[PDB]
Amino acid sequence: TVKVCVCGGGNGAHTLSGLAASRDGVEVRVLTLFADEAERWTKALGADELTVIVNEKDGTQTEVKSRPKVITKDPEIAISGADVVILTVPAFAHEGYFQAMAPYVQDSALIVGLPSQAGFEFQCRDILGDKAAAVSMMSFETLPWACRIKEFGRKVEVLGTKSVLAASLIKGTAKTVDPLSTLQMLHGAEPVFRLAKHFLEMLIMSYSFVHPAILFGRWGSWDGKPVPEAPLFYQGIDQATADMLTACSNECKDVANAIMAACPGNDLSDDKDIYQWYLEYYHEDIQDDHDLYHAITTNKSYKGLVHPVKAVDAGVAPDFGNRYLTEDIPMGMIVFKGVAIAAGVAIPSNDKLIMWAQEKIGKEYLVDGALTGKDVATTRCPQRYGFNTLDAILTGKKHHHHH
């Protein structure tokens, strides 16, 4: 039997619990530490099975029905004996699960971030301590599905499910169940999971700048004047924002190259241009792909997608807060900035974006190019956990003298 603990009670948690529990020889324990979400889910589901509606490419809908073994807020029941522990929650909830699982997680456990967001492994290492080197840490780029709960506890819809998805892996000393094939089995035929060469590649390939860039490209020098209605998001970018995304992406390559040169045996060559990335994973949706601007603006899976806005005098105004900034900055850009400092690589365009973004949401992470902001302890930059060197970042071991 493979024993999976699904952490969370969101769209993803519902879907993953639904899908994973439908597989033969799989036992699912749902863990959720959000107050009494666990009891609520339980009362709601009753004696029925959890239902997942999957929208196929045919336009048809397949119904998956299954039941988890237990739905609980008790980590001892959820984590003990678990072969795989999958965290599917907004990144701010990760700290709580790592803290809860710590004294119950076995050496052999595969600890999965679905999705991880940036700094997932640094946090995991810090919280689990000496147990971190034993377990394996798996980081997935994004969520496998586009999904929404329809009826809490008992029904979730997959609007679409990704064709391919990448994940990185830090192997522990303990032999886990096979990370890639086990995860694949839980998800079914799709996405077709591939293994990223190195976890830092996966972290950098998050392109945490993307959403901060887009918001800046449309609201950067915003004269305060309202607009009639929510402007297009991705499809609404101009040439300047495209260039900005190219600049940031290059800064990603810069950091990647610096690590490789300072640290032999760390293959980060799969860090590619955002433009080169778009064509790899959206080609069938892009009608005009001669450059990055056109690659993004003619992307058919970006149509109808608009900025978050709110009602103001004489029209509509950008709605910051959201998760483009409250997540992508502390759980994204800052982490990348932490690696950039450790590599010694300047990244003026990422910096430009951080400084602007944090002000919008009334947070402070970066000050004078240095990670000394008011709320820097709420981020996952490796420096926050005392991982200050590339070696510390890579291996999780601090230094270490010795009189």
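Numbering starts at 1 and follows the sequence shown.
- With 228 to 236 and 135 to 143 compared on mean CA B-factor from the PDB entry, the stretch scoring higher is 228 to 236.
- Higher mean CA temperature factor, per the PDB entry, when comparing 365 to 373 with 330 to 338: 365 to 373.
- Sorting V177, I286, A118, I79 by the CA temperature factor given in the entry leaves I286 at the top.
- As recorded in the entry, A314 carries the highest CA temperature factor of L87, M202, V156, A314.
- When the CA B factors of the chain's modelled residues are split into thirds, the value for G160 lands in the middle one.
- Looking at the C-alpha B-factors along this chain, the one for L31 belongs to the lowest third.
- Ranked against the other modelled residues of its chain, the C-alpha B-factor of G220 as given in the entry falls in the highest third.
- The entry lists a Cα temperature factor for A295 that places it in the highest third of the chain's modelled residues.
- For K253, the recorded CA B-factor ranks within the middle third of the chain. Only modelled residues enter the ranking.
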